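# take these chains first, placed just as they are in the complex:
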Amino acid sequence: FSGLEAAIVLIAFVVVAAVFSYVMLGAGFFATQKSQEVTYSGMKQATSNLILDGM
């Protein structure tokens, strides 16, 4: 049994990690960038209120 083949796999473990890492970050930024949008809209929802002024 040789670690030469272990290397072959170790790539695969690392690569799928990096890809998941890659996407999760992308998934994550979008998560964040979405989380920001709802917040901006959220404040804009309340503060965009319009009012009847006087009689």
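Perfect, I can see it now. Numbers count the residues shown, from 1 in each chain, chains lettered A, B, ... in the order given.
# which residues of chain A fall in helices?
Along chain A, the segments classed as helices by DSSP state H run A:3-47.
# quick one: stretch A:21-33 to chain centroid distance?
Distance, stretch centre to chain centre, for stretch A:21-33: 3 Å (Cα atoms, centre = their mean, to the nearest Å).
# could you export that stretch as PDB, CA atoms only?
In PDB, the C-alpha atoms belonging to stretch A:21-33 read as follows (Å, rounded to 0.1, in the frame of the first residue of the first chain):
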ATOM      1  CA  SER A  21     -15.300  26.600  -0.700                       C
ATOM      2  CA  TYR A  22     -15.400  28.600  -4.000                       C
ATOM      3  CA  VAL A  23     -19.200  28.200  -4.400                       C
ATOM      4  CA  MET A  24     -20.000  28.600  -0.700                       C
ATOM      5  CA  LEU A  25     -18.300  31.900  -0.700                       C
ATOM      6  CA  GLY A  26     -20.200  32.800  -3.900                       C
ATOM      7  CA  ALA A  27     -23.300  31.400  -2.200                       C
ATOM      8  CA  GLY A  28     -22.300  33.300   0.800                       C
ATOM      9  CA  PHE A  29     -21.600  36.700  -0.700                       C
ATOM     10  CA  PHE A  30     -25.000  36.500  -2.500                       C
ATOM     11  CA  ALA A  31     -26.500  35.500   0.900                       C
ATOM     12  CA  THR A  32     -24.900  38.600   2.400                       C
ATOM     13  CA  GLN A  33     -25.600  40.800  -0.600                       C
END
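# include chain B as well:
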Amino acid sequence: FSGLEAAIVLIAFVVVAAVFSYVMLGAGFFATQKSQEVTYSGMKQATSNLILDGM
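Chain B added:
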């Protein structure tokens, strides 16, 4: 140790979040829509007053 399994869980963390998010919103709208009803009834409680007029 592989992040492949971490993904499996990451779904679960997200899903229960979305379901809680889903329900909390539903719980929340009802909270609001209830909070509105008591207000409408609240003003209607005071303003629905009836009066004896004159002798």
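# how close does the residue nearest the centre of chain A sit to chain B?
Nearest to the mean C-alpha position of chain A, by Cα atoms, centre = their mean, lies residue A:28 at 1.6 Å. The spacing between residue A:28 and chain B, counted by Cβ to the nearest Cβ, to the nearest Å, is 10 Å. The C-beta positions use only the backbone N, C-alpha and C, and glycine is treated the same way.
# one more: residue A:18?
Plainly put, residue A:18 is 9 Å away from chain B if you go by Cβ to the nearest Cβ.
# same check on residue A:44?
From residue A:44 to chain B the distance is 18 Å (Cβ to the nearest Cβ).
# same check on residue A:36?
Taken as Cβ to the nearest Cβ, the span from residue A:36 to chain B is 16 Å.
# what does residue A:6 give?
The value you get for residue A:6 to chain B, if Cβ to the nearest Cβ is used, is 14 Å.
# count the residues that sit near that residue.
Residue A:6 has 11 neighbours, counted by other Cβ atoms under 10 Å in any protein chain shown.
# and what of residue A:43?
10.
# do the same with residue A:14
Residue A:14 has 13 nearby residues by other Cβ under 10 Å.
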